[PDB]
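Colleague: One structure is given below, represented as structure tokens, and several questions about it will come after.
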Amino acid sequence: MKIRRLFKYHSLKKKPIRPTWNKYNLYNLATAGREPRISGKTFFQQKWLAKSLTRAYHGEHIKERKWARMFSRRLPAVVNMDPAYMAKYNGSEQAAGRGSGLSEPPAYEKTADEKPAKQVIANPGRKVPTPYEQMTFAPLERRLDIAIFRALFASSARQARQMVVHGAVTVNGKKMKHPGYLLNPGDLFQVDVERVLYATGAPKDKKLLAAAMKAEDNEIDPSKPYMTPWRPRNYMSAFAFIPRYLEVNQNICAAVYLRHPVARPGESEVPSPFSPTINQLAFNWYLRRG
Amino acid sequence: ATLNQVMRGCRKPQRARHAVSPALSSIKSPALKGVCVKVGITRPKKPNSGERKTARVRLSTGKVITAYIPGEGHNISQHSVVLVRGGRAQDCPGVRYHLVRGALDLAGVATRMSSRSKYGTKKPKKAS
Amino acid sequence: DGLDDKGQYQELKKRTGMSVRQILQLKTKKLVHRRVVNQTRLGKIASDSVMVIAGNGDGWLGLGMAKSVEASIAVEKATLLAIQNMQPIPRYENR
Amino acid sequence: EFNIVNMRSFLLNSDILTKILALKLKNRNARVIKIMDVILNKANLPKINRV
Amino acid sequence: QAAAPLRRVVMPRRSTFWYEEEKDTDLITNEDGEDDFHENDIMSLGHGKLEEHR
RNA sequence: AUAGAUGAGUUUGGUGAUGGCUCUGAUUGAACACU
Ligand SMILES: [Mg+2]
Ligand SMILES: [Mg+2]
Ligand SMILES: [Mg+2]
């Protein structure tokens, strides 16, 4: 039963960015506006616009009520500590001066002096912001059906959900048929090779195959759902990327959920096609759903 | 107030606010059945103008209230069993209730297309 | 580059000292909008008092306020005042 | 006999000015106040000593 | 190749005054400096006195 | 349990206050209408 919300799934007029590799979706992603118009809109009109844009991609197949409580105000992050710094300094120099360290001359004086002041001691890679706003939809990255789509085992989040519901996935060597299963750090999910080749392979064309009847490497086998010899789907390279909280092994179509997505200074691990301005309004919406 | 004045019980519950539909709020009921004692017309107050179709209903609890009849045209009259819900007619004084259109004797608006669930109108089924 | 088609940013270009292209990169927003009225010998005179903010998003914010009989003119007055009244705001870790 | 005078700027003649401003305003989506400001901005007045 | 720049359709300026509704793409130009006053003309009232001298 | 604290409409010729009302959030051993 097709609901009213899925009619214009890849509308070229509305241009919604969906979690799939469809060619109509590639055009909507490439030609997306550099910045949505939020000049004269009110605070509600901005949060609703950001909520509609983001929810068109993140957890598209999950009800609004289920995600409303799946949303978490806890945005995890990490910091990089260089052993070379911690071995030479105990952090006292960071509390010099009046508690915040010594003062450096303003920028309009440094370059004036031909001699640059000695490098200030500090852990390398500091004074760079962390994109917390970009982690609004991190909880969705823990579902089994989503992790399968992020491992490049399926062409869409809905096709990966069918692999689970149809007993084609195996977590920790045990059959798992719940797409809402929340992976734990260390879980190893494995999909059937036959479903991955069809999901990511090219469509089976009879007209072109009809000409190839008789006229390492592989051969032809018309007794398989995908076109032989197996070749990658068209436009699959535009969506080819594996996040760092997964360790995929394509030889067996298996991956390990190493950890949860975290935000690092200057980087986020949640695949989202939206800017911090939109992810900041979506986060503000789900604080009180208004 | 001082700690002594509070210890003696200066803090008391604020005076109650009257409900929109006291006949229903008093007993926690969402709706009540009643018989129409009179079906007539009420006149709005200063700003608005027109004739509001109202009904004097005798609730099953014994109270006699005045309910507003939503929609265009009705079927009830004297000695008619109808279901009453909360909500008031803002411009009508004393009309603090509404009648349900898909009620026992009150029928839904026949030539209704939009918001049929508000007026107890079955779907035309013209397609089937 | 023909960006200023009404010469409204000409005086602001002297006070602040940044090109019109850099002025258009600021984050402006009309926050408050009141419809005030003054009783005069000639009847009521309703004005549009507005408040506008301007900032870089990196530690600068300015508040402007102006009124006028036209709602459009008041928004431009407040915008020019907001861009010239910008001040550095101290931030802890820029957050 | 015709004596046609070519004007370098449309602001040097009132007839040509009200004609242009009228054609601009004839459109439904024309911003009245904005169009008047663009015309006045095109008008250059010479420097003067008020005293 | 020499006639290419002649048939190239020019996009009107974002904030344009003359080509805001012009649908004849042949007349659309850059519009830069087309309204600058080069101090080479007087008012219509002056031409009446100049023609009187002629 | 260290993230958890938020507003909006509405009195006046207008402005700032005072002070209610309503909406925004969550829910029910619910009922009714359309399904
Ligand atoms: Mg009232
Ligand atoms: Mg309709
Ligand atoms: Mg008074």
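In the structure tokens, each chain is lettered A, B, ... as it comes, each chain's residues begin at 1, and ligands are numbered from 1 in order of appearance.
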Give me, as a ChimeraX atom specification, the set of residues whose atoms come within 10 Å of any atom of ligand 2, counting only C-alpha atoms (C1' of nucleotides) and all ligand atoms.

Modeller: /B:113-115

Colleague: Generate the output file for the selected residues, C-alpha atoms, as a PDB file, in the first residue's frame.

Modeller:
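Dumped to again_17.pdb:
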```
ATOM      1  CA  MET B 113     -17.633  17.259   1.066  1.00  0.00           C
ATOM      2  CA  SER B 114     -14.960  18.869   3.264  1.00  0.00           C
ATOM      3  CA  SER B 115     -14.400  17.887   6.901  1.00  0.00           C
TER       4      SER B 115
END
```

Colleague: Return the neighbours of chain C among the residues of chain E, cut-off 10 Å, counting only C-alpha atoms, as a ChimeraX atom specification.

Modeller: /E:13-17,31-33

Colleague: Within 9 Å of ligand 3, which residues show up when you count only C-alpha atoms (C1' of nucleotides) and all ligand atoms? List them as a PyMOL selection string, please.

Modeller: chain F and resi 12-14

Colleague: Could you write out that same residue set with C-alpha atoms (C1' of nucleotides) as a PDB file, in the first residue's frame?

Modeller:
```
ATOM      1  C1'   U F  12      -3.915  50.883  24.405  1.00  0.00           C
ATOM      2  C1'   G F  13      -4.633  56.576  19.713  1.00  0.00           C
ATOM      3  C1'   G F  14       0.370  54.868  20.810  1.00  0.00           C
TER       4        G F  14
END
```

Colleague: I'd like to know which of D:8, D:19, D:42, D:26 is closest to chain C, using only C-alpha atoms.

Modeller: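 Checking each of D:8, D:19, D:42, D:26 against chain C, counting only C-alpha atoms, the winner is D:42.
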
Colleague: Which residues form the shell of 10 Å around ligand 1 when you count only C-alpha atoms (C1' of nucleotides) and all ligand atoms, given as an MDAnalysis selection string?

Modeller: chainID B and resid 45 47 89:92

Colleague: With a cut-off of 12 Å and counting only C-alpha atoms (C1' of nucleotides), select all residues of chain F in contact with chain B and give the selection as a ChimeraX atom specification.

Modeller: /F:20-21,30-35

Colleague: Which residues are close to residue D:43, i.e. within 12 Å by only C-alpha atoms (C1' of nucleotides), leaving aside same-chain residues fewer than 5 positions away? Reply as a ChimeraX atom specification.

Modeller: /C:6-7 /D:9-13,17,36-38 /E:35-37

Colleague: Residue C:12: which residues within 10 Å, counting only C-alpha atoms (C1' of nucleotides), same-chain residues fewer than 6 positions away excluded, as a VMD selection string?

Modeller: chain C and resid 18 to 20 23 80 to 81 83 to 84

Colleague: What's around stretch 49-51 of chain C at 8 Å? Count only C-alpha atoms (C1' of nucleotides), leave out sequence neighbours fewer than 6 positions away in its own chain, and write the answer as a PyMOL selection string.

Modeller: chain C and resi 30-36+63-68+71+74-75+78

Colleague: Using DSSP on the backbone coordinates, identify all residues within chain E classified as alpha helix (DSSP H); present the result as a ChimeraX atom specification.

Modeller: /E:4-7,44-53

Colleague: Dump as a list in words the residues of chain E that approach chain D to within 12 Å, counting only C-alpha atoms.

Modeller: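 Putting it all together, I get residues 15, 16, 17, 18, 19, 20, 21, 22, 33, 34, 35, 36, 37, 38, 39, 40, 41, 42, 43, 44, 45, 46, 47, 48, 50 and 51 of chain E.
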
Colleague: Limited to N, CA and C atoms, could you put the picked residues into a file as a PDB file, in the first residue's frame?

Modeller:
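result_34.pdb written:
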```pdb
ATOM      1  N   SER E  15      19.856  43.386 -10.772  1.00  0.00           N
ATOM      2  CA  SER E  15      19.026  44.557 -10.495  1.00  0.00           C
ATOM      3  C   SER E  15      19.098  45.479 -11.708  1.00  0.00           C
ATOM      4  N   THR E  16      18.267  45.180 -12.699  1.00  0.00           N
ATOM      5  CA  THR E  16      18.228  45.933 -13.943  1.00  0.00           C
ATOM      6  C   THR E  16      17.060  46.911 -13.937  1.00  0.00           C
ATOM      7  N   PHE E  17      17.188  47.953 -14.755  1.00  0.00           N
ATOM      8  CA  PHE E  17      16.169  48.987 -14.882  1.00  0.00           C
ATOM      9  C   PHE E  17      15.511  49.020 -16.250  1.00  0.00           C
ATOM     10  N   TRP E  18      16.260  48.746 -17.315  1.00  0.00           N
ATOM     11  CA  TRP E  18      15.745  48.828 -18.676  1.00  0.00           C
ATOM     12  C   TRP E  18      15.278  47.488 -19.220  1.00  0.00           C
ATOM     13  N   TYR E  19      15.963  46.398 -18.875  1.00  0.00           N
ATOM     14  CA  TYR E  19      15.657  45.075 -19.404  1.00  0.00           C
ATOM     15  C   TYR E  19      14.940  44.195 -18.387  1.00  0.00           C
ATOM     16  N   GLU E  20      14.213  44.804 -17.448  1.00  0.00           N
ATOM     17  CA  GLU E  20      13.499  44.017 -16.450  1.00  0.00           C
ATOM     18  C   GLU E  20      12.343  43.244 -17.070  1.00  0.00           C
ATOM     19  N   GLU E  21      11.777  43.750 -18.167  1.00  0.00           N
ATOM     20  CA  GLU E  21      10.680  43.084 -18.857  1.00  0.00           C
ATOM     21  C   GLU E  21      10.902  43.015 -20.362  1.00  0.00           C
ATOM     22  N   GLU E  22      12.102  43.333 -20.839  1.00  0.00           N
ATOM     23  CA  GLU E  22      12.385  43.287 -22.267  1.00  0.00           C
ATOM     24  C   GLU E  22      12.520  41.839 -22.716  1.00  0.00           C
ATOM     25  N   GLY E  33      27.047  51.945 -17.110  1.00  0.00           N
ATOM     26  CA  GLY E  33      27.358  53.287 -17.558  1.00  0.00           C
ATOM     27  C   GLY E  33      26.433  53.853 -18.610  1.00  0.00           C
ATOM     28  N   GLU E  34      25.336  53.166 -18.934  1.00  0.00           N
ATOM     29  CA  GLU E  34      24.422  53.665 -19.953  1.00  0.00           C
ATOM     30  C   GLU E  34      23.644  54.892 -19.498  1.00  0.00           C
ATOM     31  N   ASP E  35      23.689  55.235 -18.211  1.00  0.00           N
ATOM     32  CA  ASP E  35      22.976  56.394 -17.688  1.00  0.00           C
ATOM     33  C   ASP E  35      23.906  57.403 -17.028  1.00  0.00           C
ATOM     34  N   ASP E  36      25.214  57.286 -17.235  1.00  0.00           N
ATOM     35  CA  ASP E  36      26.145  58.255 -16.678  1.00  0.00           C
ATOM     36  C   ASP E  36      26.056  59.570 -17.439  1.00  0.00           C
ATOM     37  N   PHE E  37      26.171  60.674 -16.708  1.00  0.00           N
ATOM     38  CA  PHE E  37      26.099  62.011 -17.281  1.00  0.00           C
ATOM     39  C   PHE E  37      27.515  62.521 -17.516  1.00  0.00           C
ATOM     40  N   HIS E  38      27.866  62.731 -18.785  1.00  0.00           N
ATOM     41  CA  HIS E  38      29.207  63.142 -19.171  1.00  0.00           C
ATOM     42  C   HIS E  38      29.344  64.653 -19.316  1.00  0.00           C
ATOM     43  N   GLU E  39      28.402  65.424 -18.773  1.00  0.00           N
ATOM     44  CA  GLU E  39      28.483  66.883 -18.801  1.00  0.00           C
ATOM     45  C   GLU E  39      28.498  67.406 -20.235  1.00  0.00           C
ATOM     46  N   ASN E  40      27.730  66.759 -21.108  1.00  0.00           N
ATOM     47  CA  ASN E  40      27.705  67.075 -22.532  1.00  0.00           C
ATOM     48  C   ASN E  40      26.280  67.318 -23.006  1.00  0.00           C
ATOM     49  N   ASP E  41      25.452  67.918 -22.158  1.00  0.00           N
ATOM     50  CA  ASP E  41      24.090  68.255 -22.549  1.00  0.00           C
ATOM     51  C   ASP E  41      23.482  69.159 -21.489  1.00  0.00           C
ATOM     52  N   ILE E  42      22.522  69.978 -21.916  1.00  0.00           N
ATOM     53  CA  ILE E  42      21.832  70.903 -21.025  1.00  0.00           C
ATOM     54  C   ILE E  42      20.358  70.527 -20.975  1.00  0.00           C
ATOM     55  N   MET E  43      19.591  71.219 -20.138  1.00  0.00           N
ATOM     56  CA  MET E  43      18.172  70.930 -20.020  1.00  0.00           C
ATOM     57  C   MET E  43      17.418  71.403 -21.258  1.00  0.00           C
ATOM     58  N   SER E  44      16.189  70.903 -21.401  1.00  0.00           N
ATOM     59  CA  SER E  44      15.357  71.303 -22.529  1.00  0.00           C
ATOM     60  C   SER E  44      15.109  72.804 -22.536  1.00  0.00           C
ATOM     61  N   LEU E  45      15.077  73.432 -21.359  1.00  0.00           N
ATOM     62  CA  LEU E  45      14.905  74.878 -21.303  1.00  0.00           C
ATOM     63  C   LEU E  45      16.112  75.606 -21.877  1.00  0.00           C
ATOM     64  N   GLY E  46      17.297  75.003 -21.790  1.00  0.00           N
ATOM     65  CA  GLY E  46      18.474  75.631 -22.363  1.00  0.00           C
ATOM     66  C   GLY E  46      18.504  75.537 -23.876  1.00  0.00           C
ATOM     67  N   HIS E  47      18.047  74.410 -24.425  1.00  0.00           N
ATOM     68  CA  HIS E  47      18.021  74.260 -25.875  1.00  0.00           C
ATOM     69  C   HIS E  47      17.150  75.321 -26.531  1.00  0.00           C
ATOM     70  N   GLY E  48      16.121  75.798 -25.831  1.00  0.00           N
ATOM     71  CA  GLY E  48      15.316  76.877 -26.374  1.00  0.00           C
ATOM     72  C   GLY E  48      16.113  78.153 -26.558  1.00  0.00           C
ATOM     73  N   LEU E  50      19.513  78.147 -26.822  1.00  0.00           N
ATOM     74  CA  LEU E  50      20.576  77.852 -27.775  1.00  0.00           C
ATOM     75  C   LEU E  50      20.059  77.913 -29.205  1.00  0.00           C
ATOM     76  N   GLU E  51      18.890  77.323 -29.460  1.00  0.00           N
ATOM     77  CA  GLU E  51      18.302  77.405 -30.791  1.00  0.00           C
ATOM     78  C   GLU E  51      18.021  78.848 -31.181  1.00  0.00           C
TER      79      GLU E  51
END
```

Colleague: Return the single residue from A:14, A:8, A:41, A:259 that is closest to chain C, with distances computed using only C-alpha atoms.

Modeller: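 Result for the nearest residue to chain C: A:41.
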
Colleague: Restricting the calculation to only C-alpha atoms: of A:30, A:78, A:12, A:121, which residue gets closest to residue A:95?

Modeller: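 Comparing A:30, A:78, A:12, A:121 against residue A:95, the winner is A:121.
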
Colleague: Which value, in Å to one decimal, gives the distance between atom CA of residue A:158 and atom CA of residue A:2?

Modeller: 13.5 Å
